[PDB]
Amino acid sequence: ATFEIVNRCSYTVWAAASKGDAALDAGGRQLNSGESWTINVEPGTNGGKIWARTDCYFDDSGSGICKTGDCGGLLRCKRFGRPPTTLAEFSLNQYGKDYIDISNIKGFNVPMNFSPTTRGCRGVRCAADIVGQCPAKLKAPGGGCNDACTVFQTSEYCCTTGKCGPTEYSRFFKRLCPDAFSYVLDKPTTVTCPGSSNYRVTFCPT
């Protein structure tokens, strides 16, 4: 499957793509404002994610740091990134279908649209100014808006027991972005696409 990753933000981002225990494609690449990077993701990829990272410094060997979404200091991500990270999430060729969503469960850093480029389903978007409107207690000094699990490490916010409810903090993410996951047990906003669809992830779509 092809994922065209497009940075419409006015600032550089470093895209990342991983399934948690491996890179997807090269795993990461710089995208200056307006650039596009097309990656190939293997059919059957389960639990893949794409995200932006902000304010990165890398050395000649690809080693460094980002203020958001850092994936163990690597340009080329093999693992998931440090919150806060707005997440484009996908499982492909899962009994004949693909499943896509956007999640704010690991916070928000960059607005995003995640849409198919092929027929048969709708995209999803979380483009509201979550960083600017972020509750004081969630603001990440490093940049972005942290999820409450990250900040507070409670069973209730992290849904550790599998019994959690919505919270003041989850309701903020949900209010600004109703079509993204706000906490682990949120009513799903997952979209079912045809198996082997192709996609475009756009940062700062509006």
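So that there is no doubt, residue numbering starts at 1 and follows the sequence shown.
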Selected stretch [higher average CA B-factor]: 56 to 64 or 149 to 157: 56 to 64
Looking at the deposited entry, does 139 to 147 or 165 to 173 carry the larger mean Cα B-factor? 139 to 147
Could you tell me which one of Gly72, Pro111, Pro84, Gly132 shows the highest CA temperature factor in the PDB record? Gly72
In this PDB entry, which of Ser33, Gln30, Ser36, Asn40 has the top CA B-factor? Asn40
Where does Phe90 sit by CA temperature factor within its chain: lowest, middle or highest third? lowest
By its CA B factor, does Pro116 count among the lowest, middle or highest third of the modelled residues in the chain? middle
Cα B factor band for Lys97 (lowest, middle or highest third within the chain): highest
Please place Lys78 in the lowest, middle or highest third of its chain by C-alpha B factor as given in the entry. highest
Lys106, C-alpha B-factor rank within chain (lowest, middle or highest third): lowest
